[PDB]
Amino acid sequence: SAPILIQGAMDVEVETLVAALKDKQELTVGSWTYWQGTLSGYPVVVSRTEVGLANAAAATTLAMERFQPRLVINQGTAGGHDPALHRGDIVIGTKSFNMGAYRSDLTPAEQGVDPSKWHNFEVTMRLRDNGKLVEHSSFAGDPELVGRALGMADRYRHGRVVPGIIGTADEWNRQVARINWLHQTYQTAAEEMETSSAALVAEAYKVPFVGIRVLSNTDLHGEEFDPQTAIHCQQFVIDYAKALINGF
């Protein structure tokens, strides 16, 4: 009875999921729409989160309060950070983190601006549990959920399914030198704008979480946005959810 929550930011990242639901009921609260239905006879809630960290955290929190899901799959599109990956490849998030969180040391105006000196600002991922502070430098994908997606790699026929680190920021980077620096510094597979924020809320509520992201683009190979990748990602995630459901 507790539903599986499946998230996407954009319309193109959720409409295939929504079409797969049986006996759909729609709910909109604030800026956030949910479709409550079934897959393989089991309750599933699809959430259109809108874009970015604030939207992701709001949409996830609202879903926790309204639906009490048993697990969360956050999915959608991303941009490549690892040169080994191409448009259409899918990253299963071994961990996600707030890549956009920056703290910098004091420098006078004369020294200019140097982002290579900025440090990851981990307080942005700090939480409390029963009122006690718990530090986080990243959020691990639930390792069984991660393993399951990797084991199903053969069922995805539009690229490779690989484990990787998902870097979350309110950013779309197209300065290739910046992408390279972020990859070298944080070992990122891909960048996007929601995962670690949804993951933060899932950790606060102690609900298993996994991020699943297709590269819709990568400037490391001159590969521009292809909307079909979002559809292919949802097809894989439907299969994945159905497998989980067969298991329940």
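So that there is no doubt, residue numbering starts at 1 and follows the sequence shown.
- Compared against other deposited entries of this protein, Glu50 counts as consistently modelled, with coordinates in all of those that resolve the residues around it and thus below the third mark.
- Compared with other entries of the same protein, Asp219 falls outside the group left without coordinates by a third of them; all model it where both flanks are modelled.
- The stretch 114-122 shows the higher mean C-alpha B-factor when 114-122 is compared against 135-143 in the entry.
- As the entry records it, the average C-alpha temperature factor is higher for 183-191, out of 56-64 and 183-191.
- Taking only the listed residues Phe209, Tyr205, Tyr34, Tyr42, the entry reports the highest CA temperature factor at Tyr42.
- Ranking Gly76, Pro108, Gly93, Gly100 by the C-alpha B-factor listed in the PDB entry places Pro108 at the top.
- Among the modelled residues of its chain, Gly8 has a C-alpha B-factor that falls in the lowest third, as given in the PDB entry.
- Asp82: CA B factor lies in the highest third for its chain, per the PDB record.
- In the PDB entry, a CA B factor belonging to the lowest third of its chain's modelled residues is recorded for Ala198.
- In the PDB entry, a CA B factor belonging to the middle third of its chain's modelled residues is recorded for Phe236.
- For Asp129, the recorded CA temperature factor ranks within the highest third of the chain's modelled residues.
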